[PDB]
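Q: What follows is the file upload_33.cif, containing mmCIF, C-alpha atoms:
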data_coords
#
loop_
_atom_site.label_atom_id
_atom_site.label_comp_id
_atom_site.auth_asym_id
_atom_site.auth_seq_id
_atom_site.Cartn_x
_atom_site.Cartn_y
_atom_site.Cartn_z
CA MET A 1 62.82 33.62 24.95
CA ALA A 2 63.58 31.42 21.95
CA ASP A 3 67.34 31.48 22.62
CA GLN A 4 67.49 35.19 21.74
CA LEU A 5 68.03 36.10 25.40
CA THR A 6 71.59 35.76 26.66
CA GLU A 7 72.78 33.79 29.67
CA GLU A 8 74.00 36.79 31.68
CA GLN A 9 70.76 38.75 31.37
CA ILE A 10 68.65 35.65 32.07
CA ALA A 11 70.75 35.09 35.19
CA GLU A 12 70.26 38.65 36.38
CA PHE A 13 66.50 38.36 35.79
CA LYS A 14 66.66 35.33 38.10
CA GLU A 15 68.79 37.09 40.71
CA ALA A 16 66.36 40.00 40.81
CA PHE A 17 63.47 37.57 41.07
CA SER A 18 65.29 35.65 43.85
CA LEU A 19 65.74 38.94 45.70
CA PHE A 20 62.15 38.15 46.69
CA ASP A 21 62.47 34.35 46.23
CA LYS A 22 60.07 32.47 48.56
CA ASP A 23 59.59 29.13 46.74
CA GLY A 24 58.81 30.83 43.43
CA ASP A 25 55.32 31.96 44.49
CA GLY A 26 55.65 33.95 47.72
CA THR A 27 56.36 37.69 48.02
CA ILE A 28 56.14 38.00 44.22
CA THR A 29 52.47 38.92 43.93
CA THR A 30 51.02 41.71 41.82
CA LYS A 31 52.10 44.15 44.55
CA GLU A 32 55.78 43.38 43.86
CA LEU A 33 55.12 42.83 40.14
CA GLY A 34 56.56 46.28 39.52
CA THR A 35 58.96 46.31 42.47
CA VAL A 36 61.14 43.49 41.12
CA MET A 37 62.01 45.32 37.91
CA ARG A 38 62.14 48.66 39.74
CA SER A 39 64.93 47.11 41.81
CA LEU A 40 66.39 45.49 38.68
CA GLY A 41 66.77 48.93 37.11
CA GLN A 42 64.28 50.00 34.40
CA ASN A 43 60.98 51.59 35.44
CA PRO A 44 57.58 50.05 34.62
CA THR A 45 54.85 52.55 33.76
CA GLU A 46 51.11 51.94 33.48
CA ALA A 47 51.63 50.57 29.97
CA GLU A 48 54.35 48.24 31.28
CA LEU A 49 52.13 46.98 34.10
CA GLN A 50 49.16 46.47 31.77
CA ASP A 51 51.49 44.49 29.52
CA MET A 52 52.37 42.44 32.60
CA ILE A 53 48.70 41.82 33.52
CA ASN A 54 47.36 41.44 29.95
CA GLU A 55 47.47 37.63 29.98
CA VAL A 56 47.75 37.37 33.79
CA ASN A 57 45.92 31.27 39.95
CA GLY A 58 46.47 35.02 40.12
CA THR A 59 49.96 34.66 41.64
CA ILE A 60 52.80 34.54 39.12
CA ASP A 61 55.72 32.10 39.06
CA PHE A 62 59.12 32.30 37.37
CA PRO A 63 57.98 30.76 34.03
CA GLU A 64 55.14 33.28 33.77
CA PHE A 65 57.42 36.12 34.86
CA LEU A 66 60.22 35.51 32.39
CA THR A 67 57.49 34.96 29.79
CA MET A 68 56.52 38.55 30.61
CA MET A 69 60.05 39.75 29.93
CA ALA A 70 59.80 37.94 26.58
CA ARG A 71 57.14 40.41 25.43
CA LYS A 72 59.13 43.15 27.14
CA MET A 73 62.10 42.03 24.99
CA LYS A 74 60.16 43.97 22.38
CA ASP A 75 61.44 47.13 24.14
CA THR A 76 64.85 48.70 23.41
CA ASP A 77 65.10 47.40 19.83
CA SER A 78 65.92 50.60 17.93
CA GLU A 79 69.67 51.30 17.93
CA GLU A 80 71.35 47.93 18.52
CA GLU A 81 69.67 46.36 15.47
CA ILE A 82 71.45 48.90 13.24
CA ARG A 83 74.56 49.23 15.43
CA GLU A 84 76.04 46.15 13.75
CA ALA A 85 75.32 47.59 10.30
CA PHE A 86 76.87 50.95 11.21
CA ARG A 87 79.98 49.15 12.49
CA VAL A 88 80.40 46.75 9.57
CA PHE A 89 79.60 49.15 6.70
CA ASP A 90 78.97 52.88 6.18
CA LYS A 91 82.44 54.09 7.13
CA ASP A 92 81.50 57.53 5.80
CA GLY A 93 78.17 57.30 7.65
CA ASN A 94 76.24 59.23 5.00
CA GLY A 95 73.65 56.46 4.69
CA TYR A 96 73.53 57.10 0.93
CA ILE A 97 75.32 53.90 -0.03
CA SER A 98 77.28 54.06 -3.26
CA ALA A 99 76.55 51.96 -6.34
CA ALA A 100 79.18 49.24 -5.85
CA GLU A 101 78.56 49.15 -2.10
CA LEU A 102 74.90 48.45 -2.84
CA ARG A 103 75.73 45.63 -5.25
CA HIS A 104 77.76 44.25 -2.39
CA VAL A 105 75.17 44.56 0.38
CA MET A 106 72.75 42.63 -1.81
CA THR A 107 75.37 40.13 -2.90
CA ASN A 108 73.38 37.11 -1.76
CA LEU A 109 75.15 35.21 1.04
CA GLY A 110 74.24 31.53 0.89
CA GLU A 111 70.47 31.87 0.53
CA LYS A 112 70.80 33.01 -3.11
CA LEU A 113 67.21 34.25 -3.06
CA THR A 114 65.84 36.06 -6.09
CA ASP A 115 63.10 38.44 -7.25
CA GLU A 116 63.11 40.12 -3.83
CA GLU A 117 65.47 42.94 -4.86
CA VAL A 118 63.77 43.54 -8.22
CA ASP A 119 60.47 43.46 -6.33
CA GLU A 120 61.76 46.10 -3.92
CA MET A 121 62.78 48.43 -6.76
CA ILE A 122 59.57 47.86 -8.76
CA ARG A 123 57.61 48.69 -5.59
CA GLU A 124 59.82 51.71 -4.83
CA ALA A 125 62.71 53.29 -6.74
CA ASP A 126 64.69 56.31 -5.56
CA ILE A 127 65.73 59.13 -7.89
CA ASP A 128 68.23 61.98 -7.94
CA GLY A 129 70.56 53.09 -9.23
CA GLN A 130 71.02 55.45 -6.28
CA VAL A 131 69.23 53.43 -3.60
CA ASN A 132 69.28 54.65 0.02
CA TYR A 133 70.46 52.12 2.62
CA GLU A 134 68.44 53.81 5.37
CA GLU A 135 65.14 53.89 3.43
CA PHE A 136 66.26 50.43 2.33
CA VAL A 137 66.31 48.95 5.86
CA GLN A 138 63.58 50.75 7.83
CA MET A 139 61.08 49.11 5.50
CA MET A 140 61.95 45.73 7.07
CA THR A 141 63.08 47.06 10.48
CA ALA A 142 59.74 48.74 11.13
CA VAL B 1 69.94 77.37 -32.98
CA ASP B 2 66.59 78.16 -31.37
CA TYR B 3 67.17 81.84 -32.17
CA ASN B 4 68.37 81.54 -35.78
CA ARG B 5 66.54 78.34 -36.77
CA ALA B 6 64.06 79.97 -39.16
CA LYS B 7 66.85 81.53 -41.22
CA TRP B 8 68.56 78.21 -41.97
CA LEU B 9 65.15 76.74 -42.78
CA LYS B 10 64.52 79.48 -45.35
CA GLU B 11 68.08 79.25 -46.73
CA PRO B 12 69.70 75.79 -46.54
CA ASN B 13 73.19 75.93 -45.07
CA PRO B 14 76.09 73.48 -45.56
CA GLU B 15 77.31 74.58 -42.13
CA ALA B 16 73.98 73.47 -40.64
CA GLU B 17 74.32 70.19 -42.55
CA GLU B 18 77.78 69.72 -41.05
CA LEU B 19 76.45 70.48 -37.56
CA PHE B 20 73.67 67.92 -38.01
CA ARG B 21 76.16 65.32 -39.24
CA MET B 22 78.32 66.22 -36.22
CA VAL B 23 75.61 65.74 -33.61
CA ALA B 24 74.56 62.51 -35.32
CA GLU B 25 77.74 60.78 -34.17
CA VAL B 26 77.40 62.43 -30.76
CA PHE B 27 73.91 60.96 -30.39
CA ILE B 28 74.83 57.49 -31.64
CA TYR B 29 77.80 57.31 -29.26
CA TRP B 30 75.53 58.57 -26.48
CA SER B 31 73.13 55.71 -27.19
CA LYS B 32 75.84 53.05 -27.59
CA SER B 33 77.98 53.73 -24.52
CA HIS B 34 76.58 52.18 -21.33
CA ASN B 35 79.01 53.25 -18.59
CA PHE B 36 78.55 56.78 -19.94
CA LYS B 37 74.97 56.68 -18.61
CA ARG B 38 75.81 56.34 -14.92
CA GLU B 39 78.90 58.47 -15.50
CA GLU B 40 76.83 61.43 -16.72
CA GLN B 41 74.35 60.76 -13.91
CA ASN B 42 77.15 61.04 -11.34
CA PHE B 43 78.65 64.10 -13.05
CA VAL B 44 75.28 65.88 -13.06
CA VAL B 45 74.53 65.06 -9.42
CA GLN B 46 78.02 66.24 -8.42
CA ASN B 47 77.51 69.54 -10.25
CA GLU B 48 73.92 69.95 -8.96
#
Any chance you could put this one into structure tokens?
A:
Amino acid sequence: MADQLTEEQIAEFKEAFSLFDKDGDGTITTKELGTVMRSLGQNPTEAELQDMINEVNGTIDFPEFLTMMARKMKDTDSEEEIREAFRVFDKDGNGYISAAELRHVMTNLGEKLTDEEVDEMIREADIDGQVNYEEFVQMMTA
Amino acid sequence: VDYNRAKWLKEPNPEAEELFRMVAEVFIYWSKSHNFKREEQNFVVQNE
């Protein structure tokens, strides 16, 4: 929840949690632990509930609860992390970025870090120079 | 050349000498030119 969550979604977490309200401890026990997000809209399975109960006297409060959605923040992180890249670059959408386009995507912006690119190509080098942007990013966005 | 190579070896040929001189400049230009490297790479990958 280190400022990565947005105000609107934090507010709707709270409004769902306030649907049961009761001074931040009542009617929000482990029986409603799934019901609150079932009413919110996405469905918790057995894995989701065990993630809720992994680190959790026995009755949750709002800090603990939104701490749980911090580790649930790990979910739905597949398409929106590359949505920005697909919008900004890759007009053709082939994923095989051209030579100049690849100079440009590693044109260092402010950080001016070094040895990381040459490290990446000494660790792995494509063949057909012709570096793939997809293969290029999944390695970090694992 | 691979078919008729033995014949020129047995009988030296000024035409073969001219061909060797010819491909000498081809090879040296091939080595010298840098953009030609990626250009041939692109041409080959486009032809498949």
Q: Determine, for each residue of chain B having at least one atom at most 10 Å from an atom of chain A, the closest pair of atoms and their separation in Å to one decimal, counting all atoms listed in the file; order by chain and ascending number, as a tab-separated table.
A:
residue	atom	partner	partner_atom	distance
B:38	CA	A:129	CA	8.4
B:41	CA	A:128	CA	8.6
B:42	CA	A:128	CA	9.6
B:44	CA	A:128	CA	9.5
B:45	CA	A:128	CA	7.2
B:48	CA	A:128	CA	9.8
Q: My list of candidates is A:121, A:131, A:1, A:142. Which is closest to residue A:63 when distances are computed with only C-alpha atoms?
A: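 Of A:121, A:131, A:1, A:142, the one nearest residue A:63, counting only C-alpha atoms, is A:1.
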Q: At what distance in Å, to one decimal, does atom CA of residue A:138 lie from atom CA of residue A:123?
A: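 Computing it gives 14.8 Å between the two atoms.
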Q: May I ask for the distance between atom CA of residue B:39 and atom CA of residue A:88, given in Å to one decimal place?
A: 27.7 Å
Q: Of the residues A:96, A:15, A:81, A:47, which is the one nearest to residue A:126, using all atoms listed in the file?
A: A:96
Q: Atom CA of residue A:42 to atom CA of residue A:11: how many Å, to one decimal?
A: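 That distance, rounded to one decimal, is 16.3 Å.
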Q: Which residues, written as an mmCIF file with C-alpha atoms, in the coordinates of the input, have at least one atom at most 12 Å from residue A:50, with only C-alpha atoms counted and residues fewer than 4 positions away on the same chain left out?
A:
data_model
loop_
_atom_site.group_PDB
_atom_site.id
_atom_site.type_symbol
_atom_site.label_atom_id
_atom_site.label_comp_id
_atom_site.auth_asym_id
_atom_site.auth_seq_id
_atom_site.Cartn_x
_atom_site.Cartn_y
_atom_site.Cartn_z
ATOM 1 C CA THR A 30 51.020 41.710 41.820
ATOM 2 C CA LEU A 33 55.120 42.830 40.140
ATOM 3 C CA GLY A 34 56.560 46.280 39.520
ATOM 4 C CA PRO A 44 57.580 50.050 34.620
ATOM 5 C CA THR A 45 54.850 52.550 33.760
ATOM 6 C CA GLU A 46 51.110 51.940 33.480
ATOM 7 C CA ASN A 54 47.360 41.440 29.950
ATOM 8 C CA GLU A 55 47.470 37.630 29.980
ATOM 9 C CA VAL A 56 47.750 37.370 33.790
ATOM 10 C CA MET A 68 56.520 38.550 30.610
ATOM 11 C CA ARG A 71 57.140 40.410 25.430
ATOM 12 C CA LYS A 72 59.130 43.150 27.140
#
Q: Evaluate the PyMOL selection byres ((chain A and resi 82) around 12) and record the selected residues as a PDB file with C-alpha atoms, keeping the file's coordinate frame, following the chain and residue labels used in the document.
A:
ATOM      1  CA  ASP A  77      65.100  47.400  19.830  1.00  0.00           C
ATOM      2  CA  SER A  78      65.920  50.600  17.930  1.00  0.00           C
ATOM      3  CA  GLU A  79      69.670  51.300  17.930  1.00  0.00           C
ATOM      4  CA  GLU A  80      71.350  47.930  18.520  1.00  0.00           C
ATOM      5  CA  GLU A  81      69.670  46.360  15.470  1.00  0.00           C
ATOM      6  CA  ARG A  83      74.560  49.230  15.430  1.00  0.00           C
ATOM      7  CA  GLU A  84      76.040  46.150  13.750  1.00  0.00           C
ATOM      8  CA  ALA A  85      75.320  47.590  10.300  1.00  0.00           C
ATOM      9  CA  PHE A  86      76.870  50.950  11.210  1.00  0.00           C
ATOM     10  CA  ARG A  87      79.980  49.150  12.490  1.00  0.00           C
ATOM     11  CA  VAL A  88      80.400  46.750   9.570  1.00  0.00           C
ATOM     12  CA  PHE A  89      79.600  49.150   6.700  1.00  0.00           C
ATOM     13  CA  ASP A  90      78.970  52.880   6.180  1.00  0.00           C
ATOM     14  CA  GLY A  95      73.650  56.460   4.690  1.00  0.00           C
ATOM     15  CA  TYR A 133      70.460  52.120   2.620  1.00  0.00           C
ATOM     16  CA  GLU A 134      68.440  53.810   5.370  1.00  0.00           C
ATOM     17  CA  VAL A 137      66.310  48.950   5.860  1.00  0.00           C
ATOM     18  CA  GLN A 138      63.580  50.750   7.830  1.00  0.00           C
ATOM     19  CA  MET A 140      61.950  45.730   7.070  1.00  0.00           C
ATOM     20  CA  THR A 141      63.080  47.060  10.480  1.00  0.00           C
ATOM     21  CA  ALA A 142      59.740  48.740  11.130  1.00  0.00           C
TER      22      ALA A 142
END
Q: Enclose the full set of atoms of stretch 32-36 of chain B listed in the file within a box whose edges lie along x, y and z, apply 5 Å of padding to each of the six sides, and report centre and edge lengths in Å to one decimal as AutoDock Vina command-line options.
A:
--center_x 77.4 --center_y 54.5 --center_z -23.1 --size_x 13.2 --size_y 14.6 --size_z 19.0
